[PDB]
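As a starting point, one isolated chain is supplied in structure tokens, in the form deposited in one PDB entry.
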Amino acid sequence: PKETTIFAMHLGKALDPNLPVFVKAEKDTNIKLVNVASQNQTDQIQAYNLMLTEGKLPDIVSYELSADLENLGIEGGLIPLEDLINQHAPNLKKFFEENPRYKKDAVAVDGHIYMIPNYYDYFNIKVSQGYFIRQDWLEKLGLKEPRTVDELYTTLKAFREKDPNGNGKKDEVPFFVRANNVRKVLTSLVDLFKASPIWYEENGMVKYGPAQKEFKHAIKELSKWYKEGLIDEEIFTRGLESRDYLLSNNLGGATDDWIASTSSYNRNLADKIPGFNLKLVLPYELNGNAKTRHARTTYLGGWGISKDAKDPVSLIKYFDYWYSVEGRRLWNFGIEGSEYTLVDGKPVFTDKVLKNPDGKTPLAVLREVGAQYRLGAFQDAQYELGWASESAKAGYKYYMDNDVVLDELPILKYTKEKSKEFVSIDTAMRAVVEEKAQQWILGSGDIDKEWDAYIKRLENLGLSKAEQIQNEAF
């Protein structure tokens, strides 16, 4: 083949086209990808901004920030795909016919399609993160299961002070999160206090979570929990390895994280830590409120074909390949005879995935062969149900049955008059939020003295204009 250039990062890692999934895709489609993001880049947003200054765009642009990606299309950097799809992408075309909601997510406000989203299998699994606590630490120490935020605070204090891992050292990390940027840290910390670090919907108004009184109260409580030693001291400096590191060393008491992979640890660690029992509870109640805002969106990011691509028909065929039964199965499941075998026509995972010798979660084993690499694919809940423990599957139903999960805001799209403006204000407000929230949590300053000055900064940045744009797009 010739070479196809791509910008693609995911979870801090530039796509390696020599992973088995992409080796197989190259064999099946004759596209040989070359990534213009280097293996040293770890921050997708910084790498994407650098990529935009380096001359020709790569043939394929993949990005997690889908309003920014669409903005690149509005400005001519990505081409419209709807006619390429109609002529040359029968798998996509049929996908759009059968999934009218997913079709709407692909269409920009001007009626062009500029990216194929990376879709979750949203109509089969919408829940995502839940709350987990060490049942076995509860039992070793005599405690009832906390049901409220203030009972949790008291339980975590007991995890910090009364040595539940029985080694005589004060090493317990009562509450921890899994994240590779400040926004993901905040997502997993402030939902506990019913706040949000992003936009959300409330009585048909779209609101900026970091400007709300709930957020101020969240940062103020988190401040106090951090200073007391209840929240991981290194919460802002670890990366995606935190969960694995803290559970496998028996340091971690409690977290807020994705149900299937977090549930997988009872089996992962059953021999390393006898009695290990990290158990899912419903969101803790805060003054009556028992809801969480953790839910899946219909998609996360996407990819599109740049205006510098020399051959768009063969790239829309590459996009389409991932929507065929074989390409979609390859993206979700890895390699036949390695990650899965076909039993009665259907993929069933092998024990390399299900029972990894070395303490790896099933998902982490799949990501090592290049499966589930966020691009523009259609995730398949059968892959997730294929490795989820029985307690994960009981976990999904427990959250749905109890109506604790507030549905995520639809991913909003902007007119060409507003999209540049919206995305600039969001970015600038985000930096102020992440810098103040991190400095408040860690103990500098005083959020009660500094709050109004903070809100005025977000307003100077264009908060009201951003709320207007949001509400009109809603």
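Heads up: residue numbers just count along the shown sequence, starting at 1.
Keep in mind that the form deposited in another entry is missing from the display, and what follows is about it.
**Student:** Please indicate which of 181, 297, 313, 359 marks the hinge of the motion between this form and the one not shown, where one rigid part turns against the other.
**Tutor:** Among 181, 297, 313, 359, only 297 lies at a hinge between this form and the one not shown.
**Student:** Work out whether the Cα atoms of residue 234 and residue 48 come closer together or move farther apart in the other entry than they are in this form, the change being 3 angstroms or more.
**Tutor:** Here the pair is closer than in the other entry; there, farther apart.
**Student:** Having a change of 3 Å or more in the C-alpha distance between residue 356 and residue 128, I'd like to know whether it is closer or farther in the other entry than in the form here.
**Tutor:** Those two alpha carbons end up farther apart in the other entry.
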